[PDB]
file final-v9.pdb (PDB, C-alpha atoms (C1' of nucleotides) and all ligand atoms)
ATOM      1  CA  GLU A   1       6.393  40.799  -4.686  1.00  0.00           C
ATOM      2  CA  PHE A   2       4.538  40.669  -8.011  1.00  0.00           C
ATOM      3  CA  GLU A   3       7.311  41.874 -10.293  1.00  0.00           C
ATOM      4  CA  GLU A   4       6.294  43.496 -13.574  1.00  0.00           C
ATOM      5  CA  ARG A   5       8.130  44.213 -16.818  1.00  0.00           C
ATOM      6  CA  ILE A   6       7.176  46.019 -20.015  1.00  0.00           C
ATOM      7  CA  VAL A   7       7.061  43.891 -23.157  1.00  0.00           C
ATOM      8  CA  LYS A   8       5.773  46.295 -25.827  1.00  0.00           C
ATOM      9  CA  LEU A   9       4.954  50.012 -25.977  1.00  0.00           C
ATOM     10  CA  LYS A  10       3.171  50.736 -29.255  1.00  0.00           C
ATOM     11  CA  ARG A  11       1.961  54.131 -30.485  1.00  0.00           C
ATOM     12  CA  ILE A  12      -1.511  53.523 -31.898  1.00  0.00           C
ATOM     13  CA  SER A  13      -3.608  56.258 -33.469  1.00  0.00           C
ATOM     14  CA  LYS A  14      -6.985  57.008 -35.012  1.00  0.00           C
ATOM     15  CA  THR A  15      -8.014  59.775 -37.403  1.00  0.00           C
ATOM     16  CA  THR A  16     -10.646  62.397 -36.589  1.00  0.00           C
ATOM     17  CA  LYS A  17     -12.101  65.405 -38.390  1.00  0.00           C
ATOM     18  CA  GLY A  18      -8.694  67.021 -38.768  1.00  0.00           C
ATOM     19  CA  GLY A  19      -5.593  65.642 -37.080  1.00  0.00           C
ATOM     20  CA  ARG A  20      -4.793  62.336 -35.422  1.00  0.00           C
ATOM     21  CA  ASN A  21      -5.562  61.027 -31.939  1.00  0.00           C
ATOM     22  CA  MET A  22      -2.445  59.242 -30.671  1.00  0.00           C
ATOM     23  CA  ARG A  23      -2.516  56.868 -27.697  1.00  0.00           C
ATOM     24  CA  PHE A  24       0.178  54.660 -26.195  1.00  0.00           C
ATOM     25  CA  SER A  25      -0.600  50.976 -25.686  1.00  0.00           C
ATOM     26  CA  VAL A  26       1.414  48.899 -23.225  1.00  0.00           C
ATOM     27  CA  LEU A  27       1.658  45.119 -22.886  1.00  0.00           C
ATOM     28  CA  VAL A  28       2.651  44.320 -19.288  1.00  0.00           C
ATOM     29  CA  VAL A  29       3.431  40.898 -17.806  1.00  0.00           C
ATOM     30  CA  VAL A  30       2.939  40.565 -14.039  1.00  0.00           C
ATOM     31  CA  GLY A  31       4.254  37.535 -12.193  1.00  0.00           C
ATOM     32  CA  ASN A  32       5.135  36.554  -8.636  1.00  0.00           C
ATOM     33  CA  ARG A  33       7.875  34.103  -9.733  1.00  0.00           C
ATOM     34  CA  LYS A  34       6.111  31.401  -7.707  1.00  0.00           C
ATOM     35  CA  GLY A  35       3.275  30.193  -9.950  1.00  0.00           C
ATOM     36  CA  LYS A  36       1.037  33.204 -10.599  1.00  0.00           C
ATOM     37  CA  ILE A  37       1.322  35.215 -13.819  1.00  0.00           C
ATOM     38  CA  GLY A  38      -0.983  37.366 -15.916  1.00  0.00           C
ATOM     39  CA  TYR A  39      -0.792  39.718 -18.874  1.00  0.00           C
ATOM     40  CA  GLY A  40      -2.478  43.045 -19.488  1.00  0.00           C
ATOM     41  CA  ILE A  41      -2.695  45.309 -22.539  1.00  0.00           C
ATOM     42  CA  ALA A  42      -3.973  48.846 -22.050  1.00  0.00           C
ATOM     43  CA  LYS A  43      -4.265  52.080 -24.014  1.00  0.00           C
ATOM     44  CA  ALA A  44      -4.102  55.636 -22.719  1.00  0.00           C
ATOM     45  CA  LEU A  45      -3.134  59.137 -23.765  1.00  0.00           C
ATOM     46  CA  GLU A  46      -0.026  58.938 -21.557  1.00  0.00           C
ATOM     47  CA  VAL A  47       2.465  56.240 -20.630  1.00  0.00           C
ATOM     48  CA  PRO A  48       1.943  56.374 -16.818  1.00  0.00           C
ATOM     49  CA  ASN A  49      -1.835  55.931 -17.005  1.00  0.00           C
ATOM     50  CA  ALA A  50      -1.404  53.273 -19.691  1.00  0.00           C
ATOM     51  CA  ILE A  51       0.988  51.344 -17.438  1.00  0.00           C
ATOM     52  CA  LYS A  52      -1.356  51.712 -14.458  1.00  0.00           C
ATOM     53  CA  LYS A  53      -4.334  50.350 -16.401  1.00  0.00           C
ATOM     54  CA  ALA A  54      -2.265  47.516 -17.885  1.00  0.00           C
ATOM     55  CA  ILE A  55      -1.014  46.480 -14.440  1.00  0.00           C
ATOM     56  CA  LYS A  56      -4.590  46.609 -13.148  1.00  0.00           C
ATOM     57  CA  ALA A  57      -5.772  44.311 -15.947  1.00  0.00           C
ATOM     58  CA  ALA A  58      -2.849  41.923 -15.442  1.00  0.00           C
ATOM     59  CA  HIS A  59      -3.567  41.660 -11.720  1.00  0.00           C
ATOM     60  CA  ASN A  60      -7.275  41.207 -12.429  1.00  0.00           C
ATOM     61  CA  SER A  61      -6.540  38.258 -14.748  1.00  0.00           C
ATOM     62  CA  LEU A  62      -4.085  35.930 -12.975  1.00  0.00           C
ATOM     63  CA  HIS A  63      -3.542  32.269 -13.844  1.00  0.00           C
ATOM     64  CA  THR A  64      -2.143  29.422 -11.755  1.00  0.00           C
ATOM     65  CA  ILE A  65       1.009  27.686 -13.004  1.00  0.00           C
ATOM     66  CA  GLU A  66       2.376  24.338 -11.825  1.00  0.00           C
ATOM     67  CA  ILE A  67       6.082  23.527 -12.103  1.00  0.00           C
ATOM     68  CA  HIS A  68       7.849  20.159 -12.046  1.00  0.00           C
ATOM     69  CA  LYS A  69      11.492  20.217 -10.893  1.00  0.00           C
ATOM     70  CA  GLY A  70      11.716  23.865 -11.943  1.00  0.00           C
ATOM     71  CA  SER A  71      10.695  23.128 -15.542  1.00  0.00           C
ATOM     72  CA  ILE A  72       7.736  22.193 -17.736  1.00  0.00           C
ATOM     73  CA  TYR A  73       6.593  18.580 -17.525  1.00  0.00           C
ATOM     74  CA  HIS A  74       5.995  17.559 -21.147  1.00  0.00           C
ATOM     75  CA  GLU A  75       6.621  19.077 -24.561  1.00  0.00           C
ATOM     76  CA  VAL A  76       3.733  21.223 -25.782  1.00  0.00           C
ATOM     77  CA  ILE A  77       2.821  23.555 -28.646  1.00  0.00           C
ATOM     78  CA  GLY A  78       0.708  26.604 -27.867  1.00  0.00           C
ATOM     79  CA  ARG A  79      -1.393  27.920 -30.745  1.00  0.00           C
ATOM     80  CA  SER A  80      -3.026  31.344 -30.951  1.00  0.00           C
ATOM     81  CA  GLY A  81      -3.893  32.734 -34.361  1.00  0.00           C
ATOM     82  CA  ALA A  82      -0.831  32.484 -36.597  1.00  0.00           C
ATOM     83  CA  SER A  83       1.656  32.257 -33.708  1.00  0.00           C
ATOM     84  CA  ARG A  84       2.800  28.800 -32.600  1.00  0.00           C
ATOM     85  CA  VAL A  85       5.226  28.487 -29.681  1.00  0.00           C
ATOM     86  CA  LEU A  86       6.967  25.193 -28.910  1.00  0.00           C
ATOM     87  CA  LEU A  87       7.948  24.498 -25.296  1.00  0.00           C
ATOM     88  CA  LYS A  88      10.151  21.552 -24.352  1.00  0.00           C
ATOM     89  CA  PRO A  89      11.360  20.330 -20.943  1.00  0.00           C
ATOM     90  CA  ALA A  90      14.983  20.943 -20.021  1.00  0.00           C
ATOM     91  CA  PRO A  91      17.336  19.463 -17.421  1.00  0.00           C
ATOM     92  CA  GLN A  92      18.358  21.583 -14.447  1.00  0.00           C
ATOM     93  CA  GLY A  93      21.188  23.857 -15.539  1.00  0.00           C
ATOM     94  CA  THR A  94      20.418  24.973 -19.084  1.00  0.00           C
ATOM     95  CA  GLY A  95      18.503  27.984 -17.789  1.00  0.00           C
ATOM     96  CA  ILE A  96      16.003  29.975 -19.811  1.00  0.00           C
ATOM     97  CA  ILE A  97      16.549  29.408 -23.539  1.00  0.00           C
ATOM     98  CA  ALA A  98      13.707  31.802 -24.317  1.00  0.00           C
ATOM     99  CA  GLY A  99      13.916  35.238 -25.885  1.00  0.00           C
ATOM    100  CA  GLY A 100      11.430  38.098 -25.895  1.00  0.00           C
ATOM    101  CA  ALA A 101       7.793  37.715 -24.893  1.00  0.00           C
ATOM    102  CA  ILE A 102       8.212  34.007 -24.140  1.00  0.00           C
ATOM    103  CA  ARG A 103      11.226  34.805 -21.971  1.00  0.00           C
ATOM    104  CA  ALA A 104       9.279  37.461 -20.067  1.00  0.00           C
ATOM    105  CA  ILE A 105       6.355  35.090 -19.493  1.00  0.00           C
ATOM    106  CA  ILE A 106       8.578  32.211 -18.379  1.00  0.00           C
ATOM    107  CA  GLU A 107      10.710  34.273 -15.990  1.00  0.00           C
ATOM    108  CA  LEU A 108       7.708  35.999 -14.435  1.00  0.00           C
ATOM    109  CA  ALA A 109       5.930  32.651 -14.058  1.00  0.00           C
ATOM    110  CA  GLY A 110       8.900  31.113 -12.273  1.00  0.00           C
ATOM    111  CA  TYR A 111      10.240  28.376 -14.534  1.00  0.00           C
ATOM    112  CA  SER A 112      14.003  27.878 -14.360  1.00  0.00           C
ATOM    113  CA  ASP A 113      14.917  25.741 -17.373  1.00  0.00           C
ATOM    114  CA  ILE A 114      12.790  25.727 -20.530  1.00  0.00           C
ATOM    115  CA  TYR A 115      13.507  25.099 -24.204  1.00  0.00           C
ATOM    116  CA  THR A 116      11.398  27.368 -26.403  1.00  0.00           C
ATOM    117  CA  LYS A 117      11.018  28.271 -30.049  1.00  0.00           C
ATOM    118  CA  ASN A 118       8.683  30.714 -31.788  1.00  0.00           C
ATOM    119  CA  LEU A 119       7.584  28.843 -34.917  1.00  0.00           C
ATOM    120  CA  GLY A 120       5.170  31.480 -36.221  1.00  0.00           C
ATOM    121  CA  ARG A 121       4.508  35.209 -36.109  1.00  0.00           C
ATOM    122  CA  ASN A 122       6.470  37.669 -33.982  1.00  0.00           C
ATOM    123  CA  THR A 123       3.703  39.869 -32.561  1.00  0.00           C
ATOM    124  CA  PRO A 124       4.147  40.052 -28.769  1.00  0.00           C
ATOM    125  CA  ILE A 125       0.467  39.807 -27.821  1.00  0.00           C
ATOM    126  CA  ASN A 126      -0.135  36.707 -29.952  1.00  0.00           C
ATOM    127  CA  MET A 127       3.149  35.125 -28.845  1.00  0.00           C
ATOM    128  CA  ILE A 128       2.068  35.679 -25.230  1.00  0.00           C
ATOM    129  CA  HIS A 129      -1.335  34.153 -25.993  1.00  0.00           C
ATOM    130  CA  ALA A 130       0.330  31.087 -27.509  1.00  0.00           C
ATOM    131  CA  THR A 131       2.715  30.736 -24.560  1.00  0.00           C
ATOM    132  CA  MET A 132      -0.120  31.012 -22.045  1.00  0.00           C
ATOM    133  CA  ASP A 133      -2.179  28.482 -24.009  1.00  0.00           C
ATOM    134  CA  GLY A 134       0.736  26.051 -24.046  1.00  0.00           C
ATOM    135  CA  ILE A 135       1.363  26.368 -20.316  1.00  0.00           C
ATOM    136  CA  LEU A 136      -2.361  26.170 -19.483  1.00  0.00           C
ATOM    137  CA  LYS A 137      -3.018  23.079 -21.619  1.00  0.00           C
ATOM    138  CA  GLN A 138      -0.343  21.249 -19.597  1.00  0.00           C
ATOM    139  CA  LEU A 139      -1.294  18.059 -17.762  1.00  0.00           C
ATOM    140  CA  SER A 140       0.022  17.246 -14.316  1.00  0.00           C
ATOM    141  CA  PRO A 141       1.042  13.629 -13.731  1.00  0.00           C
ATOM    142  CA  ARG A 142      -1.623  13.263 -11.044  1.00  0.00           C
ATOM    143  CA  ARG A 143      -4.660  14.356 -13.072  1.00  0.00           C
ATOM    144  CA  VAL A 144      -3.826  11.726 -15.687  1.00  0.00           C
ATOM    145  CA  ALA A 145      -3.438   9.139 -12.910  1.00  0.00           C
ATOM    146  CA  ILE A 146      -6.853  10.078 -11.514  1.00  0.00           C
ATOM    147  CA  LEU A 147      -8.369   9.905 -15.006  1.00  0.00           C
ATOM    148  CA  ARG A 148      -6.868   6.539 -15.977  1.00  0.00           C
ATOM    149  CA  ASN A 149      -7.079   4.947 -12.491  1.00  0.00           C
ATOM    150  CA  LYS A 150      -3.315   4.425 -12.353  1.00  0.00           C
ATOM    151  CA  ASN A 151      -1.255   4.651  -9.143  1.00  0.00           C
ATOM    152  CA  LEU A 152      -0.018   8.246  -8.668  1.00  0.00           C
ATOM    153  CA  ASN A 153       2.296   8.179 -11.705  1.00  0.00           C
ATOM    154  CA  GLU A 154       3.659   4.726 -10.859  1.00  0.00           C
ATOM    155  CA  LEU A 155       4.562   2.530 -13.834  1.00  0.00           C
TER     156      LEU A 155
ATOM    157  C1'   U B   1      22.278   9.736 -22.324  1.00  0.00           C
ATOM    158  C1'   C B   2      20.536  14.027 -27.070  1.00  0.00           C
ATOM    159  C1'   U B   3      18.093  18.405 -27.357  1.00  0.00           C
ATOM    160  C1'   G B   4      16.188  24.503 -30.714  1.00  0.00           C
ATOM    161  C1'   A B   5      16.422  32.542 -28.242  1.00  0.00           C
ATOM    162  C1'   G B   6      15.448  36.703 -31.993  1.00  0.00           C
ATOM    163  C1'   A B   7      14.779  41.762 -34.159  1.00  0.00           C
ATOM    164  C1'   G B   8      14.012  45.724 -38.137  1.00  0.00           C
ATOM    165  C1'   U B   9      11.030  46.630 -42.475  1.00  0.00           C
ATOM    166  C1'   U B  10       4.442  47.483 -46.613  1.00  0.00           C
ATOM    167  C1'   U B  11      -0.155  51.013 -42.992  1.00  0.00           C
ATOM    168  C1'   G B  12      -3.222  57.145 -40.424  1.00  0.00           C
ATOM    169  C1'   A B  13      -3.071  52.783 -36.927  1.00  0.00           C
ATOM    170  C1'   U B  14      -4.074  46.684 -36.590  1.00  0.00           C
ATOM    171  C1'   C B  15      -3.929  41.346 -37.903  1.00  0.00           C
ATOM    172  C1'   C B  16      -2.024  37.772 -41.640  1.00  0.00           C
ATOM    173  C1'   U B  17       0.481  35.967 -46.117  1.00  0.00           C
ATOM    174  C1'   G B  18       5.210  37.328 -47.835  1.00  0.00           C
ATOM    175  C1'   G B  19      10.240  38.906 -49.645  1.00  0.00           C
ATOM    176  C1'   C B  20      14.717  41.747 -48.110  1.00  0.00           C
ATOM    177  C1'   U B  21      18.331  42.931 -44.031  1.00  0.00           C
ATOM    178  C1'   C B  22      20.835  42.133 -39.391  1.00  0.00           C
ATOM    179  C1'   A B  23      22.657  39.681 -34.367  1.00  0.00           C
ATOM    180  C1'   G B  24      26.571  33.722 -34.667  1.00  0.00           C
ATOM    181  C1'   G B  25      30.353  30.718 -36.617  1.00  0.00           C
ATOM    182  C1'   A B  26      34.238  29.527 -40.582  1.00  0.00           C
ATOM    183  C1'   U B  27      38.366  30.028 -44.697  1.00  0.00           C
ATOM    184  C1'   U B  28      44.517  27.622 -48.423  1.00  0.00           C
ATOM    185  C1'   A B  29      41.678  33.936 -47.744  1.00  0.00           C
ATOM    186  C1'   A B  30      42.821  39.068 -50.004  1.00  0.00           C
ATOM    187  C1'   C B  31      42.760  44.818 -48.791  1.00  0.00           C
ATOM    188  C1'   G B  32      43.075  49.525 -45.454  1.00  0.00           C
ATOM    189  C1'   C B  33      45.179  51.200 -40.680  1.00  0.00           C
ATOM    190  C1'   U B  34      48.590  49.677 -37.120  1.00  0.00           C
ATOM    191  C1'   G B  35      52.178  46.437 -35.148  1.00  0.00           C
ATOM    192  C1'   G B  36      56.439  43.721 -29.570  1.00  0.00           C
ATOM    193  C1'   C B  37      57.586  38.549 -28.649  1.00  0.00           C
ATOM    194  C1'   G B  38      56.957  32.992 -28.075  1.00  0.00           C
ATOM    195  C1'   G B  39      54.333  27.482 -28.640  1.00  0.00           C
ATOM    196  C1'   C B  40      51.704  24.662 -32.513  1.00  0.00           C
ATOM    197  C1'   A B  41      49.644  24.521 -37.482  1.00  0.00           C
ATOM    198  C1'   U B  42      48.953  26.415 -42.647  1.00  0.00           C
ATOM    199  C1'   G B  43      50.950  29.111 -46.913  1.00  0.00           C
ATOM    200  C1'   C B  44      49.991  29.638 -56.361  1.00  0.00           C
ATOM    201  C1'   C B  45      42.492  28.442 -54.940  1.00  0.00           C
ATOM    202  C1'   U B  46      44.778  31.736 -61.329  1.00  0.00           C
ATOM    203  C1'   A B  47      48.406  29.955 -66.579  1.00  0.00           C
ATOM    204  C1'   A B  48      48.123  20.752 -66.474  1.00  0.00           C
ATOM    205  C1'   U B  49      51.469  28.747 -68.625  1.00  0.00           C
ATOM    206  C1'   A B  50      56.834  28.987 -70.409  1.00  0.00           C
ATOM    207  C1'   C B  51      61.363  27.983 -67.993  1.00  0.00           C
ATOM    208  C1'   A B  52      67.787  30.496 -66.961  1.00  0.00           C
ATOM    209  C1'   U B  53      70.638  28.245 -63.140  1.00  0.00           C
ATOM    210  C1'   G B  54      72.297  24.438 -59.180  1.00  0.00           C
ATOM    211  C1'   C B  55      70.862  19.659 -56.722  1.00  0.00           C
ATOM    212  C1'   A B  56      66.400  15.270 -56.566  1.00  0.00           C
ATOM    213  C1'   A B  57      68.758   6.654 -57.479  1.00  0.00           C
ATOM    214  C1'   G B  58      72.351   4.598 -56.948  1.00  0.00           C
ATOM    215  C1'   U B  59      75.202   0.597 -55.100  1.00  0.00           C
ATOM    216  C1'   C B  60      78.577  -3.995 -54.910  1.00  0.00           C
ATOM    217  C1'   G B  61      86.329  -5.170 -56.212  1.00  0.00           C
ATOM    218  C1'   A B  62      83.638 -10.692 -50.841  1.00  0.00           C
ATOM    219  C1'   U B  63      81.148 -11.591 -59.420  1.00  0.00           C
ATOM    220  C1'   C B  64      84.977 -10.392 -63.509  1.00  0.00           C
ATOM    221  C1'   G B  65      89.342  -8.815 -66.923  1.00  0.00           C
ATOM    222  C1'   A B  66      92.083  -4.415 -67.198  1.00  0.00           C
ATOM    223  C1'   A B  67      94.110   0.125 -65.957  1.00  0.00           C
ATOM    224  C1'   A B  68      96.170   3.893 -62.573  1.00  0.00           C
ATOM    225  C1'   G B  69      98.597   5.503 -57.988  1.00  0.00           C
ATOM    226  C1'   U B  70     101.513   4.665 -53.392  1.00  0.00           C
ATOM    227  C1'   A B  71     105.233   1.188 -51.141  1.00  0.00           C
ATOM    228  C1'   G B  72     108.649  -2.837 -52.198  1.00  0.00           C
ATOM    229  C1'   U B  73     115.593  -5.457 -55.246  1.00  0.00           C
ATOM    230  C1'   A B  74     112.115  -8.854 -56.756  1.00  0.00           C
ATOM    231  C1'   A B  75     108.214 -12.021 -55.674  1.00  0.00           C
ATOM    232  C1'   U B  76     104.330  -8.885 -54.028  1.00  0.00           C
TER     233        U B  76
HETATM  234 MG    MG C   1     -15.277  70.187 -42.980  1.00  0.00          MG
HETATM  235 MG    MG C   2       4.369  54.981 -42.367  1.00  0.00          MG
HETATM  236 MG    MG C   3      47.443  24.131 -59.178  1.00  0.00          MG
END

call {"tool": "encode", "arguments": {"input": "final-v9.pdb", "output": "structure tokens"}}
result
Amino acid sequence: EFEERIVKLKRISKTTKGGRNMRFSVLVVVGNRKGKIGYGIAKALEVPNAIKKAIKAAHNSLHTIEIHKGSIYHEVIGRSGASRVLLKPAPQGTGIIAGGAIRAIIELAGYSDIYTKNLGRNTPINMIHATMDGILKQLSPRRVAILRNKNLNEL
RNA sequence: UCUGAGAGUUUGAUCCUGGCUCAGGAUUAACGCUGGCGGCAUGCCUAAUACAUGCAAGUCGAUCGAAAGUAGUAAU
């Protein structure tokens, strides 16, 4: 049940020897709401083929996401170009405090309660890149225990 | 035990810097349209401009002389 949702449908174009070639570009986010989510941007002369190619790319590039108590473990800032997205853990009940591309990414990934803020640009592809970078840079509290020879997150 | 949502807009199309605008609240508010009632609360932000009129700090005869009125033949 890999649900998908459309984030942006731009109308890009080039110029030829007389006239303009117009193609639709779609930014699709595919997620199973259990820990797998990817993104795919595709261009085609028509919306259906563009959506098909974007879904194919999103399913080709899937990333693994780990959740702690339905939320993100520690506060992080994802950077990608001029877009910086701040994610912050939330207690169970606040729900998704995200809006737009971040909200799409978080819901399709499976997180329940996240605090988010877009501190930079508002271009959906770069916001998605920053969000994915922030979630991917995350550290589990068992990898750090293995690294520092602590006792499975014990004090 | 706190705790933060964004979008539109420069280009044939894209990224960034960057300004403008909107989505939310609030008032000692005013205006247009309309208008049934009750519980609380507020009501010259301007001319510290000028004011008709009527009220807004008096009380004590158990401090004191006197005076007036009502009763009483008088004293009282
Ligand atoms: Mg020619
Ligand atoms: Mg234009
Ligand atoms: Mg005044």

call {"tool": "closest_atom_pairs", "arguments": {"input": "final-v9.pdb", "of": "chain A", "to": "ligand MG 1 (chain C)", "cutoff": "12 Å", "atoms": "only C-alpha atoms and all ligand atoms", "output": "JSON lines"}}
result
{"residue": "A:16", "atom": "CA", "partner": "C:MG1", "partner_atom": "MG", "distance": 11.1}
{"residue": "A:17", "atom": "CA", "partner": "C:MG1", "partner_atom": "MG", "distance": 7.4}
{"residue": "A:18", "atom": "CA", "partner": "C:MG1", "partner_atom": "MG", "distance": 8.4}

call {"tool": "write_last_selection", "arguments": {"input": "final-v9.pdb", "atoms": "C-alpha atoms", "output": "compact mmCIF listing (two decimals), in the frame of the given file"}}
result
# COMPACT_ATOMS: atom_id res chain seq x y z
CA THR A 16 -10.65 62.40 -36.59
CA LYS A 17 -12.10 65.40 -38.39
CA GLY A 18 -8.69 67.02 -38.77

call {"tool": "residues_around", "arguments": {"input": "final-v9.pdb", "residues": "residue A:63", "least_positions_apart": "5", "cutoff": "7 Å", "atoms": "all atoms listed in the file", "output": "PyMOL selection string"}}
result
chain A and resi 36-38

call {"tool": "residues_near_ligand", "arguments": {"input": "final-v9.pdb", "ligand": "ligand MG 3 (chain C)", "cutoff": "12 Å", "atoms": "all atoms listed in the file", "output": "list in words"}}
result
residues 28, 44, 45, 46, 47, 48 and 49 of chain B

call {"tool": "write_last_selection", "arguments": {"input": "final-v9.pdb", "atoms": "C-alpha atoms (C1' of nucleotides)", "output": "PDB file, keeping the file's coordinate frame"}}
result
ATOM      1  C1'   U B  28      44.517  27.622 -48.423  1.00  0.00           C
ATOM      2  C1'   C B  44      49.991  29.638 -56.361  1.00  0.00           C
ATOM      3  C1'   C B  45      42.492  28.442 -54.940  1.00  0.00           C
ATOM      4  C1'   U B  46      44.778  31.736 -61.329  1.00  0.00           C
ATOM      5  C1'   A B  47      48.406  29.955 -66.579  1.00  0.00           C
ATOM      6  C1'   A B  48      48.123  20.752 -66.474  1.00  0.00           C
ATOM      7  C1'   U B  49      51.469  28.747 -68.625  1.00  0.00           C
TER       8        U B  49
END

call {"tool": "closest_residue", "arguments": {"input": "final-v9.pdb", "among": "B:13, B:41, B:5, B:30", "to": "ligand MG 2 (chain C)", "atoms": "only C-alpha atoms (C1' of nucleotides) and all ligand atoms"}}
result
B:13

call {"tool": "resolve_selection", "arguments": {"input": "final-v9.pdb", "expression": "the PyMOL selection byres ((chain B) within 10 of (chain A))", "output": "PDB file with C-alpha atoms (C1' of nucleotides), keeping the file's coordinate frame"}}
result
ATOM      1  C1'   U B   3      18.093  18.405 -27.357  1.00  0.00           C
ATOM      2  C1'   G B   4      16.188  24.503 -30.714  1.00  0.00           C
ATOM      3  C1'   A B   5      16.422  32.542 -28.242  1.00  0.00           C
ATOM      4  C1'   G B   6      15.448  36.703 -31.993  1.00  0.00           C
ATOM      5  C1'   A B   7      14.779  41.762 -34.159  1.00  0.00           C
ATOM      6  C1'   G B  12      -3.222  57.145 -40.424  1.00  0.00           C
ATOM      7  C1'   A B  13      -3.071  52.783 -36.927  1.00  0.00           C
ATOM      8  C1'   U B  14      -4.074  46.684 -36.590  1.00  0.00           C
ATOM      9  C1'   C B  15      -3.929  41.346 -37.903  1.00  0.00           C
ATOM     10  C1'   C B  16      -2.024  37.772 -41.640  1.00  0.00           C
TER      11        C B  16
END

call {"tool": "closest_residue", "arguments": {"input": "final-v9.pdb", "among": "B:40, B:27, B:53, B:10", "to": "ligand MG 2 (chain C)", "atoms": "only C-alpha atoms (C1' of nucleotides) and all ligand atoms"}}
result
B:10

call {"tool": "atom_distance", "arguments": {"input": "final-v9.pdb", "atom1": "atom CA of residue A:137", "atom2": "atom CA of residue A:32"}}
result
20.4 Å
